[PDB]
């Protein structure tokens, strides 16, 4: 099929689950967050924010809270699959972009959210920065007991809830991207 650098970036983008501790430069983090805000959104409502998190302590706390919520359910199956895969929710990533969203914008805010997270992932991949979408960061808020705390520490706008996150760093170990399923494309001529 036809190829160009953007299409190569789309093709090569993969979910990294093993990061080195090396922090990406501010130069690169800025390019990535500038790319995110260029994401389109329904009615241009931009019912999101781009929070570039580099604080290790806050990251570890949200991770440990996330794991504990999972480890607290009656059905521990999910927490057990995670402990067998390495026991990390952020795979040693030294930073992440958290995308909170306005929940009173319902479904349209989630679509917009995904549009922006993909823009981040593609921008990071073009810059040689490994990444992964991580919905599990959301577990830090799930009990509701530490939700306001993490919200203020992250600087969420009032009323905003977690939407998604993208972890960023340099890959320690690689993975191929998912195989494209060509059977999901049809044509209505």
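Numbering follows the first chain given and starts at 1.
Taking the mean C-alpha B-factor of each stretch as recorded, 107 to 115 and 71 to 79 are not equal, and the higher mean is that of 71 to 79. Comparing 98 to 106 with 81 to 89, the higher mean C-alpha B-factor in the PDB entry belongs to 81 to 89. Split the chain's modelled residues into thirds by C-alpha temperature factor. Residue 43 is in the middle one. In this PDB entry, residue 53 carries a Cα temperature factor that places it within the middle third of its chain's modelled residues.
Per the deposited record, the Cα B-factor of residue 6 falls in the lowest third when ranked against the other modelled residues of its chain. Ranked within its chain, residue 20 lands in the highest third, by CA B factor from the PDB record. Residue 127 sits in the middle third of its chain by CA B factor, as recorded in the PDB entry.
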